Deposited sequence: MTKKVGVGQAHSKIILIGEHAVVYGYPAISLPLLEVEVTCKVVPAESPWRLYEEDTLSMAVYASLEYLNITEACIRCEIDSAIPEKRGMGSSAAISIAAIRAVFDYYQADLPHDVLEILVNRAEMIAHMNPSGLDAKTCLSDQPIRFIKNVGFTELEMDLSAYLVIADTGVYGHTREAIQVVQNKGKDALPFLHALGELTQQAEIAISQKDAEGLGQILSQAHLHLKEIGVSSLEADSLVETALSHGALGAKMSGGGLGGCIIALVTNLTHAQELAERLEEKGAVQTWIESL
């Protein structure tokens, strides 16, 4: 007997970092980008060596089940770097309960994914987890709620993994340390997110693309982008992408690019891997 669990991932269109301060964020489920965790028997009991979201999901699950001596090991595993912190949490929790064949209502799961994220010190706005449990793009505000969005632009979004494992915590630190000097950054993002909705409302991928490139500049100035991400966006843009920006926690992670044609989309991903992206993925919009 082996326990297995699997979660889908997501990608942030816009609102990264700003969501942390109560500003809206729009994100898209990545239903075909999944993560899997297996749980197996072990000689010695399971221990806690780190504050990473996986170990933390195990712990939070064990605490719940009330098991201190869990003689088990929980490894991971696709599309590697495209699985988020929450995605990993969800998968583990499921794998753990499944191993123990424990009952798991959706409320509980959601409660435990967010708790693991929190004790992993990821400082969740609640957006990652939320989107990984949704099957529709959503509009989100921390500590308040979300609404599902209609998303039909007949466009494609190309996702590229920078290869650099995102230092999300450090990124939140940067924006946090800026204090009041982040307000203009936050403000600018708040606006861009508003227009982003309009554009989406009007099914104007071009308008949208523009807004995204902008979002990237502000994310870059505030200091949470990366050279890998920046050069990938540049490549994106220098190949006719309606727009491009980094998505997620920053300081590593992924890039997203907007396009309205399939030939173009496949071309862009190729071009990107060619430039050094470890993986790519094309999502319909």
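- The deposited chain is incompletely modelled, with C-alpha atoms absent over 1-3, 81-84.
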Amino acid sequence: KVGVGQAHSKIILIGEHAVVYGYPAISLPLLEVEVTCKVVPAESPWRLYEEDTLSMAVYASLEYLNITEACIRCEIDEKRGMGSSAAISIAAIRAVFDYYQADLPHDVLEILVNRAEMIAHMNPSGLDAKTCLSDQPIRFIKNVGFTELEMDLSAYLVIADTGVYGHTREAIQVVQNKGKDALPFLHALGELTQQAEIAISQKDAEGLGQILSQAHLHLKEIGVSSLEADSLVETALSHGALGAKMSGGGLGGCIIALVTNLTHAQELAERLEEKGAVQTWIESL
From here on, numbers count along this sequence of modelled residues.
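- The residue among 127, 144, 90, 74 whose C-alpha carries the highest B-factor in the deposited model is 74.
- Residue 269 sits in the lowest third of its chain by CA B factor, as recorded in the PDB entry.
- Compared with the other modelled residues of the chain, the Cα B-factor recorded for residue 94 ranks in the middle third.
- Placement of the Cα temperature factor of residue 248 within the chain: lowest third of the modelled residues, per the deposited record.
- Ranked by C-alpha B-factor against the other modelled residues of its chain, residue 82 falls in the highest third.
- Ranked against the other modelled residues of its chain, the C-alpha B-factor of residue 215 as given in the entry falls in the middle third.
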